[PDB]
Amino acid sequence: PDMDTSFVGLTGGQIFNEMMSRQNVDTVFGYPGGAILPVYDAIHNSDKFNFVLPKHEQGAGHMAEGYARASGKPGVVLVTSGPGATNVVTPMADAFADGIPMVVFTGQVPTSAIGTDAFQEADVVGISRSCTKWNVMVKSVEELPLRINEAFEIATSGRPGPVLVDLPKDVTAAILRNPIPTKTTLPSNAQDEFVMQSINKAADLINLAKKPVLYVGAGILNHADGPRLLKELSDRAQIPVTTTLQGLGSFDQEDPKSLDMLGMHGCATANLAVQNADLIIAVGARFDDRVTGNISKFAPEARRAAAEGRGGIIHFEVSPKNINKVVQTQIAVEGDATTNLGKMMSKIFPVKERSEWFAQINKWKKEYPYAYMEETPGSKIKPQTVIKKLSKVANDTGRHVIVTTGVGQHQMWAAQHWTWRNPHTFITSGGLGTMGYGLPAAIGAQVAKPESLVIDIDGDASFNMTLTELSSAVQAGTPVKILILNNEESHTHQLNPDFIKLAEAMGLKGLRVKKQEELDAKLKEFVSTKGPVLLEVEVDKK
Amino acid sequence: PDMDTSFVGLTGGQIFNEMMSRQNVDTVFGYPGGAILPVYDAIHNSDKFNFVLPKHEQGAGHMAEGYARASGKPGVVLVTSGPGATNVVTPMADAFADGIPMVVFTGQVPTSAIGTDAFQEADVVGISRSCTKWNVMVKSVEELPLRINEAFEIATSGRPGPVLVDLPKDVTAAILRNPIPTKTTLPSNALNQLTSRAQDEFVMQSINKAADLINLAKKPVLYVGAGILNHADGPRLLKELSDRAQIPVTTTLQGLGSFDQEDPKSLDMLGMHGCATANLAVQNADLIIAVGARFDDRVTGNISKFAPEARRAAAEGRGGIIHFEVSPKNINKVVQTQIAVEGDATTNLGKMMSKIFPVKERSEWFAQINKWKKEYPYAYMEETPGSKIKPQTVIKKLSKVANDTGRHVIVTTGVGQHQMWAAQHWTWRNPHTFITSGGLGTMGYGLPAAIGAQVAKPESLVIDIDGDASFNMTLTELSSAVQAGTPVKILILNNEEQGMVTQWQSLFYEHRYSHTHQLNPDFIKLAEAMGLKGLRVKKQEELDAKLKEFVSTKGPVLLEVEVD
Ligand SMILES: Cc1cc2nc3c(=O)[nH]c(=O)nc-3n(C[C@H](O)[C@H](O)[C@H](O)COP(=O)(O)OP(=O)(O)OC[C@H]3O[C@@H](n4cnc5c(N)ncnc54)[C@H](O)[C@@H]3O)c2cc1C
Ligand SMILES: Cc1cc2nc3c(=O)[nH]c(=O)nc-3n(C[C@H](O)[C@H](O)[C@H](O)COP(=O)(O)OP(=O)(O)OC[C@H]3O[C@@H](n4cnc5c(N)ncnc54)[C@H](O)[C@@H]3O)c2cc1C
Ligand SMILES: Cc1ncc(C[n+]2csc(CCOP(=O)(O)OP(=O)(O)O)c2C)c(N)n1
Ligand SMILES: Cc1ncc(C[n+]2csc(CCOP(=O)(O)OP(=O)(O)O)c2C)c(N)n1
Ligand SMILES: [K+]
Ligand SMILES: [K+]
Ligand SMILES: [Mg+2]
Ligand SMILES: [Mg+2]
C-alpha cells in the first residue's frame, strides 16, 4: 500500500547509483559498451564509486572475486551486452563453485529488440542459468530497485554466490514516471526450536568428548565474527583445529592448537587427529573427497563413538541440501555457523586441559612434518623453498598480508608451505580451478585492502592466461607483488615471454632469480618495492 | 558391411584421432587439462595433425574461427572441463552470430560424476545451448564416432555454425569392446545426393521466376552477403551474373571480398558506415537481388524507407526483392520479400544462369551510378603539414603497400572505429580475405583470428588491423604467434588519448567529447618481450618507410601507429 516518490524523475542510471549506495557498494569492476552505457555513465561520473577498469571482462570478474574474498563484501561487476557478458561466464562459474558473493550487471539490447537476433542480443539469462544462484532480466525501470535488492540478498545469503541481472538499455535510460512501492526500494530484509534443540545437543556432545577435533572450511569466513568465535570455542573447550584449503587463515597456524590443513595434501598430524577423534565438529565445510579420502574409511574413531552413543560428527551447515549428503551426522546444526556458534558458546563447558590428546598431537607433529627434496649445492631452486622463505619475509614486514594464486602445483605448495595467520588472506580458485585467477584476484584484493601487502603466488602457464591485466594494476594504483614460479624448461612445451621485459613494458618493476644465492636478497627487494613488481624465480621441474 | 569392427580394441582417444582423419581435419586448436587428457594425448602426439596451442582457451576459439573463415573448413577446438569450457563461450557465441563452422570438443568429468558437483563439472551443454546450432554429451565410447559425424555435418550445413560435443573422461579413456553400426562411423554427405521430382520442381519454379523477373532488368542491384562466400564457386558465379546481365554489386561488411571493388560495376559496401553510392543505388532500389545476406539493421535502417523504388516495382508488380536464402526461418523475417529462392545461393545461381538474358549495357543507370560516386566520395579530414596521422590514411597506404607485394592478403580486425575504417578504406578484391567479428563484435578477435587464418593459408600475407583497446583483450597470444611461427603482421592504430566512451558531441559531428581512458603497455617493448619485432610511427614523415618495413619483415611483427 505504501508508495515511494523519491526516485520519480530520475533515470535508471541514477536509480542504480542510489541502490548501490544503499547496498554499501563503493567499488565496481567492469568495462563499458553501448548497451550498459546508461548505467556505466552514472557510475563513472559519480565520485562515490571507484570504478576499476581491466583490459578484459574476465579480469573484472576475477577482480570482483578477489575483492569479495578479501573484504567480506559482494563483488559488483558491470559489463556490456553480447561478448561483454559472455566474457564473464568463467568468473561467474568460478564464484558459483567457490560460494563467492558477486552481483553481475549485464547491458542488454532494448526490450523491444529481444528475440530479433539483434546485434549482441545474447540469451545471457539462459547462458548463466547454471552458473548463478539466480538471474533475471529487468523489464521496466519501476522494477529496477526490486531486482537489485533481490540480487544482493540472494548473492549474500545462504551459501553466497553469483547472481546476474540483465539490463535492457531502454530500461536503464528511462526516467521513472510513477511512484513505486516503498518495500521494493529497501535492502532486504518449529524449525527454530529444532535448531535450538540441535544447538543444545551439539553442546552436550562437545562437553562429553575426550578427543574432539574442529574441522573448519570456507563457511566460517562468511560472517565477520566467525574466526573470533572459532577461536573462542577452541580456547574454551581446548579443541584442536584443522582447516580445509578454503578455510586456511580462519585459524592462526602459530596457535599451539592448530593442526593446519586436513586432506590428501594436508598435514599428517591433521589427518591422524581426525582419524582418532571421538568427535568431529564440522564448521562450514563440505566433506570433499580430497579431504576425507574413501568416505567409508573416514573418521573411524568418531564412527565408533557414534555407535557407542558418545561421539560422532556434528555439522554446522547453512544449506539443508548439504546435510547428510556425504557423511551421516549425529547432529546437524542448520543455518549460519557463526551465528549458531555464538548461540552455543554459553552452553560449552570450559575445559582446562586435554593433556594426553595434545601430547599425542604434538608427538605426531614431530614424527611427521611436510617433507620434500630440498636444495643441494648447485641444484635448481625448489618452489617449496621459495614459498617458505617468502612466507617468512612477508610476515617479518609487520604488514597485513594477503595471498592469491594461480592453478597448478604451485597452488598446493602455497596452501601447504605458507604459514597462515589471518582470515580472508588466502584467495585461490579451488572449486573451478581457473588458471589466470591469481593476478586479477590480487588486483581486486588490493582494491579491497589498499594497506595490505598483496602477493600472487603464480605459475608460468597460469600467469600467461591473464597477464594483460598487469597494466590494469598500474592504472588502478594497486602495488601487487606478482611471483612467477617458472618451472618450464615430445611433451607439452609452451613458449613463455621474457617476464621481466614484459613487466617493464606494462609499467612495473621486474626482477629475476636464477640461482640459490640470489634468492634471499631478491625476495627482500620484491616485498620492499613500493609499487607493483614482478619477481620471476626459475625453479626445478616436477 | 552392417557392423564396423575397425575401432574395436581402440581407446576413445584413438577413435577420436581416426575420426578427425575421416573428417579431413589436419589442424586442431586447443589447450590441455585432466579431463580431456585421453583425447589430447592421442592427437597432440600425432604426425597427422597440426596442434596449435594458445595461452588462453578463448584464443583457441578465435584462432579456429579465423582458420575456418580463411579456409572454408570447420575450425576444430579441444579444451578441458570446467574453466576450459567456459573460456570458449565467447568464441562460440561469436561463431554462432557470424555463421562460422566450428566444432568444439570439451573434456568433462566422468559420466558417474555428473550431478555430484564434482571438481570442474560445468553444465556445458546447458551453458552453450543458445550459442551452438546443436550440442550433445557423449555417454559411451560406442556413441563417439556417431556424435563426431553429426557434429561436423551440422556445423557445415544449412547456415554454418558452432556445435559442441561434451566428452566425459571415462568415455574417452574407455576401450571399444563391441562392433558398432557402420551407418554411425561413416561421415555423411553435403550434396553428393539424390532429390525427388518434387524437390527439383519446387526449387526450379522459384528459380524460373526471378530469372524472368530479372531478365526484365531496369535498375537492378545485387545486394550480396556472407552467404555467397559459403560455396567455393559463389564469387565466380556472382561475377558471371554481374557480367551477363551487367549488374552492379554492393556487399555487406561480411560480403566484402566477394566482388572485386576495382570492377566498374562495384558499388562497394552499404549501410550505416557504407558509401553513399551503394545506399543510393539501393534505397531508390527497384529490384534488389539479395544473395546470402540478412538485412541487418545497420544495413537497412530505415525499414519503410528502405528500397522504396523497389517497394514500388513490387506494387506495380514490376520489381521488389528477390532473396537467395539458405534458412527458410530467415525468409521474410526482417523484410517482406516478393520471391524467395531457398537453398544454397551459389547452387541456385548456377541453375538460374542460362535462363538469364545477356545485356548490352545500362548506362542510363551506369553513368548515373558513375555520378553518385564523384558527387559523394568517402571523405575525411586529410593530414596537413605537422598534423596528426589519420587512421584512414594509414589504412589506404597499407592497402597499397600490401598490394605491391603481389601476394594473397588476408585482413583481420578488432572491434571499434578502426574496424569500420578497415572495411571502408581498404580496397577489397578476393574472397575470404576480410575476417572480422561482425555479428557479435568481439574485441580481441584480431590477433588470434589472424594466427588461425595464417595457419589455414601459410602462403598468405596476414594483417591484423587492430585497435589499442581491442588488442589489449587478447594480447597474450603474441607469444602463441611466435611459438606457432605464424608471421602475422599486427597493426595497432593507437588513438588512446580519446576516451572509449562518448559523453556528447557537436551536432554537425565535428567534435566528440569522450572519457574512460585505458593505460596501454609500451607496445614495442611488449612485442620484443613476446619474441617478435616491434615498430612504431609517431610522425607523418616516418609512415611510408615503416609500413613498407612492416609488410617486408620476415616473421611476426607489430607496428604501432600513433593516430589523431
Ligand atoms: C587434486 C586436488 C587435491 C586437493 N587436496 C585438498 C586437501 O588436501 N585439503 C583440502 O582442504 N582441500 C583439497 N582440495 C580442495 C578440495 O577439493 C575442496 O575444494 C576444498 O576442501 C573445499 O573446501 P571447503 O569445504 O572449505 O569449502 P566449500 O566447498 O565452499 O564448502 C563450504 C561448506 O560450507 C557451507 N557454508 C557456506 N557458508 C556457510 C555459513 N555461513 N554457515 C554454515 N555453512 C556454510 C557450504 O554450504 C559448504 O557446504 C583438493 C582439490 C583437488 C582438485
Ligand atoms: C560497429 C559495427 C558496425 C556495423 N555496421 C555495419 C554496416 O555499416 N554495414 C554492414 O553491412 N554491416 C555492419 N555491421 C555488421 C552487421 O552487424 C552484420 O554483421 C552484417 O551486416 C551481416 O552481413 P551478412 O548479412 O552478409 O552476414 P550474415 O550475418 O552472416 O548473414 C548471412 C545470411 O546469408 C544466409 N546464408 C548463409 N549461407 C548461405 C548460403 N550458402 N546460401 C544462401 N544463403 C546463405 C544466412 O542464413 C544469413 O541469412 C556492423 C558491425 C559492427 C560491430
Ligand atoms: C583455464 C584452464 N585451462 C586448463 C586447466 C588444466 N590445468 C590445470 S593445472 C595446468 C598447468 C598449470 O601450469 P602452471 O600455471 O605453470 O602451474 P604449475 O603446475 O607449473 O605450478 C593445467 C593446464 C585449468 N585448470 N584451467
Ligand atoms: C569484449 C567487448 N567489450 C566491450 C565492447 C564494447 N566496445 C565496442 S568498441 C569499444 C572500444 C574499442 O576500442 P579500440 O579497440 O581501441 O577501437 P577504436 O574505436 O579506438 O578504433 C568497446 C569498449 C565490445 N564490443 N566487446
Ligand atoms: K602451513
Ligand atoms: K573500399
Ligand atoms: Mg608451471
Ligand atoms: Mg582505440
# chains A, B, ... in the order shown; residues from 1 in each chain; ligands from 1
>>> residues_near_ligand(ligand="ligand 4", cutoff="9 Å", atoms="only C-alpha atoms and all ligand atoms", output="number ranges by chain")
A: 31-35, 56-57, 79-87, 120; B: 90, 391, 414-421, 440-445, 466-473, 492-496, 498-501
>>> select_by_dssp(residues="segment 201-302 of chain A", states="strand (DSSP E)", output="number ranges by chain")
A: 212-216, 241-243, 258-261, 279-283
>>> closest_residue(among="A:78, A:348, A:318, A:53", to="chain B", atoms="only C-alpha atoms")
A:53
>>> interface_residues(of="chain B", to="chain A", cutoff="7 Å", atoms="only C-alpha atoms", output="ChimeraX atom specification")
/B:55-56,82-83,86-87,89-90,119-120,123,127-128,130,439-440,442,472-473,475-476,479,483,519-522,525-526,529-531
>>> residues_near_ligand(ligand="ligand 5", cutoff="7 Å", atoms="only C-alpha atoms and all ligand atoms", output="ChimeraX atom specification")
/A:253,260,415-420
>>> residues_near_ligand(ligand="ligand 1", cutoff="7 Å", atoms="only C-alpha atoms and all ligand atoms", output="VMD selection string")
(chain A and resid 98 to 99 158 to 160 216 to 220 222 to 223 243 to 247 261 to 266 283 to 291 316 to 319 322 335 to 338 430 to 431) or (chain B and resid 119)
>>> closest_residue(among="B:181, B:59, B:33, B:75", to="residue 6 of chain B", atoms="only C-alpha atoms")
B:181
>>> residues_near_ligand(ligand="ligand 6", cutoff="7 Å", atoms="only C-alpha atoms and all ligand atoms", output="count of residues only")
8
>>> residues_around(residues="segment 319-323 of chain B", least_positions_apart="5", cutoff="8 Å", atoms="only C-alpha atoms", output="ChimeraX atom specification")
/B:210,213,286-292,310-314,331,337-341
>>> residues_near_ligand(ligand="ligand 2", cutoff="6 Å", atoms="only C-alpha atoms and all ligand atoms", output="PyMOL selection string")
(chain A and resi 119) or (chain B and resi 98-99+159+225-227+230+252-255+270-274+292-296+298-299+324-327+330+343-345+416+438-439+441)
>>> write_last_selection(atoms="N, CA, C and O atoms", output="short mmCIF file (atom, residue, chain, number, x, y, z; two decimals), in the first residue's frame")
data_model
loop_
_atom_site.label_atom_id
_atom_site.label_comp_id
_atom_site.auth_asym_id
_atom_site.auth_seq_id
_atom_site.Cartn_x
_atom_site.Cartn_y
_atom_site.Cartn_z
N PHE A 119 21.93 -7.09 -32.90
CA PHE A 119 23.36 -7.01 -32.64
C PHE A 119 23.65 -7.16 -31.12
O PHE A 119 23.15 -6.38 -30.32
N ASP B 98 27.98 -15.10 -36.44
CA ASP B 98 28.53 -14.93 -37.78
C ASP B 98 28.42 -16.15 -38.70
O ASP B 98 28.92 -16.14 -39.78
N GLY B 99 27.77 -17.19 -38.24
CA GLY B 99 27.62 -18.39 -39.02
C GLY B 99 28.92 -19.03 -39.44
O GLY B 99 29.16 -19.25 -40.58
N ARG B 159 22.89 -22.93 -42.69
CA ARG B 159 23.80 -21.84 -42.34
C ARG B 159 24.83 -22.41 -41.39
O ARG B 159 24.45 -22.94 -40.34
N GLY B 225 25.97 -10.89 -49.45
CA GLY B 225 26.48 -11.01 -48.10
C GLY B 225 27.33 -12.23 -47.93
O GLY B 225 27.70 -12.88 -48.93
N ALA B 226 27.59 -12.57 -46.66
CA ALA B 226 28.45 -13.67 -46.32
C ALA B 226 28.09 -15.00 -47.02
O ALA B 226 28.96 -15.84 -47.24
N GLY B 227 26.81 -15.21 -47.32
CA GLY B 227 26.36 -16.47 -47.88
C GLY B 227 27.01 -16.84 -49.22
O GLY B 227 27.24 -18.00 -49.50
N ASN B 230 30.02 -18.94 -48.85
CA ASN B 230 29.94 -20.28 -48.23
C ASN B 230 29.96 -21.46 -49.23
O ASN B 230 29.72 -22.60 -48.87
N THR B 252 27.56 -6.40 -48.02
CA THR B 252 27.59 -6.17 -46.59
C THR B 252 29.05 -6.13 -46.13
O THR B 252 29.96 -6.48 -46.90
N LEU B 253 29.24 -5.71 -44.89
CA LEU B 253 30.51 -5.89 -44.22
C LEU B 253 31.02 -7.34 -44.39
O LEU B 253 32.16 -7.55 -44.73
N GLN B 254 30.14 -8.33 -44.20
CA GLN B 254 30.57 -9.73 -44.26
C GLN B 254 30.65 -10.30 -45.67
O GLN B 254 31.17 -11.40 -45.85
N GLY B 255 30.22 -9.54 -46.68
CA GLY B 255 30.43 -9.97 -48.05
C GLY B 255 31.63 -9.31 -48.70
O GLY B 255 31.94 -9.56 -49.88
N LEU B 270 27.47 -1.26 -48.29
CA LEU B 270 26.34 -0.41 -47.92
C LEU B 270 26.02 -0.36 -46.42
O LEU B 270 26.62 -1.05 -45.59
N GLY B 271 25.06 0.50 -46.08
CA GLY B 271 24.61 0.62 -44.71
C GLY B 271 25.07 1.88 -44.00
O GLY B 271 25.56 2.83 -44.61
N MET B 272 24.94 1.86 -42.68
CA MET B 272 25.26 2.99 -41.83
C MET B 272 26.68 3.51 -42.07
O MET B 272 26.89 4.71 -42.21
N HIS B 273 27.66 2.61 -42.14
CA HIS B 273 29.04 3.02 -42.43
C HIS B 273 29.48 2.74 -43.86
O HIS B 273 30.68 2.80 -44.16
N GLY B 274 28.53 2.44 -44.74
CA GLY B 274 28.83 2.17 -46.14
C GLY B 274 28.91 3.44 -46.95
O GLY B 274 28.74 4.53 -46.40
N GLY B 292 22.53 -14.25 -50.08
CA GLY B 292 23.23 -14.66 -48.86
C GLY B 292 23.53 -13.52 -47.92
O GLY B 292 24.65 -13.42 -47.44
N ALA B 293 22.52 -12.69 -47.65
CA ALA B 293 22.61 -11.55 -46.74
C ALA B 293 21.34 -11.47 -45.89
O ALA B 293 20.28 -11.92 -46.34
N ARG B 294 21.40 -10.90 -44.68
CA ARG B 294 20.22 -10.98 -43.84
C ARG B 294 19.53 -9.67 -43.44
O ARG B 294 18.75 -9.66 -42.48
N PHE B 295 19.78 -8.60 -44.18
CA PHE B 295 19.07 -7.34 -43.93
C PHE B 295 19.18 -6.88 -42.47
O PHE B 295 18.19 -6.47 -41.86
N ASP B 296 20.39 -6.96 -41.91
CA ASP B 296 20.66 -6.41 -40.58
C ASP B 296 20.26 -4.92 -40.49
O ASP B 296 20.14 -4.24 -41.51
N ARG B 298 21.68 -2.06 -39.29
CA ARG B 298 22.75 -1.21 -39.82
C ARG B 298 22.92 -1.21 -41.33
O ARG B 298 23.64 -0.37 -41.87
N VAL B 299 22.21 -2.09 -41.98
CA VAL B 299 22.26 -2.13 -43.39
C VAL B 299 20.99 -1.50 -43.93
O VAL B 299 21.03 -0.73 -44.85
N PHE B 324 17.86 -14.88 -52.14
CA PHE B 324 18.50 -16.18 -52.16
C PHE B 324 18.98 -16.51 -50.76
O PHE B 324 20.04 -16.04 -50.36
N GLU B 325 18.21 -17.33 -50.03
CA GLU B 325 18.49 -17.59 -48.62
C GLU B 325 18.42 -19.08 -48.29
O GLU B 325 17.50 -19.79 -48.71
N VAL B 326 19.37 -19.54 -47.49
CA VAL B 326 19.50 -20.96 -47.14
C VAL B 326 18.59 -21.38 -45.98
O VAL B 326 18.20 -22.53 -45.92
N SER B 327 18.23 -20.46 -45.08
CA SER B 327 17.40 -20.81 -43.92
C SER B 327 16.02 -20.23 -44.10
O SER B 327 15.87 -19.01 -43.96
N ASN B 330 14.76 -17.38 -41.92
CA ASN B 330 15.21 -16.01 -42.11
C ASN B 330 14.51 -15.32 -43.28
O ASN B 330 14.74 -14.14 -43.53
N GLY B 343 17.69 -22.34 -50.41
CA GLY B 343 18.81 -23.22 -50.62
C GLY B 343 20.12 -22.50 -50.69
O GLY B 343 20.21 -21.31 -50.36
N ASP B 344 21.15 -23.24 -51.09
CA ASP B 344 22.47 -22.68 -51.24
C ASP B 344 22.42 -21.66 -52.34
O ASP B 344 21.93 -21.96 -53.44
N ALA B 345 22.92 -20.45 -52.06
CA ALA B 345 22.81 -19.34 -53.01
C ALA B 345 23.60 -19.57 -54.30
O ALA B 345 23.09 -19.35 -55.40
N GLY B 416 35.63 -1.70 -33.29
CA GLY B 416 35.60 -0.29 -32.97
C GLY B 416 35.72 0.53 -34.23
O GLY B 416 35.47 0.04 -35.35
N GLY B 438 31.55 -9.47 -36.90
CA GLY B 438 30.52 -8.55 -37.29
C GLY B 438 29.27 -8.71 -36.48
O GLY B 438 28.66 -7.72 -36.08
N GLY B 439 28.83 -9.96 -36.27
CA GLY B 439 27.54 -10.17 -35.64
C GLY B 439 27.57 -10.01 -34.13
O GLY B 439 26.64 -9.52 -33.57
N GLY B 441 30.62 -8.71 -32.52
CA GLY B 441 31.53 -7.60 -32.26
C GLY B 441 32.47 -7.85 -31.07
O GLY B 441 32.54 -7.07 -30.13
#
>>> residues_around(residues="residue 234 of chain A", least_positions_apart="6", cutoff="9 Å", atoms="only C-alpha atoms", output="mmCIF file with N, CA, C and O atoms, in the first residue's frame")
data_model
loop_
_atom_site.group_PDB
_atom_site.id
_atom_site.type_symbol
_atom_site.label_atom_id
_atom_site.label_comp_id
_atom_site.auth_asym_id
_atom_site.auth_seq_id
_atom_site.Cartn_x
_atom_site.Cartn_y
_atom_site.Cartn_z
ATOM 1 N N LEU A 214 37.945 -29.792 15.698
ATOM 2 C CA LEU A 214 37.191 -28.841 14.888
ATOM 3 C C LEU A 214 37.688 -28.922 13.457
ATOM 4 O O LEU A 214 38.869 -28.794 13.211
ATOM 5 N N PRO A 240 41.585 -28.868 19.290
ATOM 6 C CA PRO A 240 42.484 -28.584 18.148
ATOM 7 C C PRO A 240 41.693 -28.307 16.894
ATOM 8 O O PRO A 240 40.574 -28.835 16.696
ATOM 9 N N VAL A 241 42.275 -27.480 16.021
ATOM 10 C CA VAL A 241 41.541 -27.014 14.860
ATOM 11 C C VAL A 241 42.301 -27.302 13.554
ATOM 12 O O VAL A 241 43.475 -26.919 13.416
ATOM 13 N N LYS A 257 47.193 -24.931 19.201
ATOM 14 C CA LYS A 257 46.086 -25.863 18.943
ATOM 15 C C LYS A 257 45.857 -26.111 17.470
ATOM 16 O O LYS A 257 44.928 -26.863 17.070
#
>>> select_by_dssp(residues="segment 163-306 of chain A", states="helix (DSSP H, G or I)", output="JSON, numbers by chain")
{"A": [169, 170, 171, 172, 173, 182, 183, 184, 185, 191, 192, 193, 194, 195, 196, 197, 198, 199, 200, 201, 202, 203, 204, 205, 206, 207, 208, 218, 219, 220, 221, 222, 226, 227, 228, 229, 230, 231, 232, 233, 234, 235, 236, 237, 245, 246, 247, 268, 269, 270, 271, 272, 273, 274, 275, 276, 289, 290, 291, 292, 295, 296, 297, 300, 301, 302, 303, 304, 305, 306]}
>>> residues_around(residues="residue 224 of chain A", least_positions_apart="2", cutoff="10 Å", atoms="only C-alpha atoms", output="list in words")
residues 71, 72, 220, 221, 222, 226, 227, 228, 229, 338, 423 and 424 of chain A
>>> residues_near_ligand(ligand="ligand 7", cutoff="7 Å", atoms="only C-alpha atoms and all ligand atoms", output="list in words")
residues 459, 460, 461, 485, 486, 487 and 488 of chain A
>>> residues_around(residues="residue 277 of chain A", least_positions_apart="6", cutoff="6 Å", atoms="only C-alpha atoms", output="PyMOL selection string")
chain A and resi 211-212+301-302
>>> decode(residues="segment 222-235 of chain B", atoms="N, CA, C and O atoms", output="JSON list (two decimals), in the first residue's frame")
[["chain", "number", "residue", "atom", "x", "y", "z"],
["B", 222, "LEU", "N", 22.52, -6.13, -57.15],
["B", 222, "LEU", "CA", 22.95, -7.25, -56.32],
["B", 222, "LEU", "C", 23.39, -6.74, -54.96],
["B", 222, "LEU", "O", 24.33, -5.94, -54.83],
["B", 223, "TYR", "N", 22.68, -7.21, -53.94],
["B", 223, "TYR", "CA", 22.99, -6.96, -52.55],
["B", 223, "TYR", "C", 23.47, -8.30, -51.95],
["B", 223, "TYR", "O", 22.67, -9.22, -51.73],
["B", 224, "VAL", "N", 24.79, -8.39, -51.75],
["B", 224, "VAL", "CA", 25.46, -9.67, -51.51],
["B", 224, "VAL", "C", 26.11, -9.75, -50.12],
["B", 224, "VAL", "O", 26.71, -8.79, -49.66],
["B", 225, "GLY", "N", 25.97, -10.89, -49.45],
["B", 225, "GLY", "CA", 26.48, -11.01, -48.10],
["B", 225, "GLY", "C", 27.33, -12.23, -47.93],
["B", 225, "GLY", "O", 27.70, -12.88, -48.93],
["B", 226, "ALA", "N", 27.59, -12.57, -46.66],
["B", 226, "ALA", "CA", 28.45, -13.67, -46.32],
["B", 226, "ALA", "C", 28.09, -15.00, -47.02],
["B", 226, "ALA", "O", 28.96, -15.84, -47.24],
["B", 227, "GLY", "N", 26.81, -15.21, -47.32],
["B", 227, "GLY", "CA", 26.36, -16.47, -47.88],
["B", 227, "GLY", "C", 27.01, -16.84, -49.22],
["B", 227, "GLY", "O", 27.24, -18.00, -49.50],
["B", 228, "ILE", "N", 27.34, -15.83, -50.03],
["B", 228, "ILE", "CA", 27.97, -16.10, -51.33],
["B", 228, "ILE", "C", 29.34, -16.70, -51.12],
["B", 228, "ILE", "O", 29.86, -17.39, -52.00],
["B", 229, "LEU", "N", 29.90, -16.48, -49.94],
["B", 229, "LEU", "CA", 31.24, -16.94, -49.60],
["B", 229, "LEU", "C", 31.21, -18.37, -49.07],
["B", 229, "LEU", "O", 32.26, -18.96, -48.85],
["B", 230, "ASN", "N", 30.02, -18.94, -48.85],
["B", 230, "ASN", "CA", 29.94, -20.28, -48.23],
["B", 230, "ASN", "C", 29.96, -21.46, -49.23],
["B", 230, "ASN", "O", 29.72, -22.60, -48.87],
["B", 231, "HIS", "N", 30.27, -21.16, -50.49],
["B", 231, "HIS", "CA", 30.49, -22.18, -51.51],
["B", 231, "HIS", "C", 31.70, -21.70, -52.32],
["B", 231, "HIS", "O", 31.75, -20.53, -52.69],
["B", 232, "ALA", "N", 32.66, -22.59, -52.59],
["B", 232, "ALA", "CA", 33.86, -22.22, -53.37],
["B", 232, "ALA", "C", 33.56, -21.42, -54.65],
["B", 232, "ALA", "O", 34.36, -20.58, -55.06],
["B", 233, "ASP", "N", 32.41, -21.66, -55.27],
["B", 233, "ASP", "CA", 32.12, -21.05, -56.56],
["B", 233, "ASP", "C", 31.17, -19.88, -56.53],
["B", 233, "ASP", "O", 30.72, -19.40, -57.59],
["B", 234, "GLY", "N", 30.85, -19.42, -55.33],
["B", 234, "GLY", "CA", 29.98, -18.27, -55.16],
["B", 234, "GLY", "C", 30.44, -17.01, -55.86],
["B", 234, "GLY", "O", 29.67, -16.42, -56.62],
["B", 235, "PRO", "N", 31.67, -16.55, -55.58],
["B", 235, "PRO", "CA", 32.17, -15.33, -56.21],
["B", 235, "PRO", "C", 32.23, -15.40, -57.74],
["B", 235, "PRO", "O", 31.85, -14.44, -58.44]]
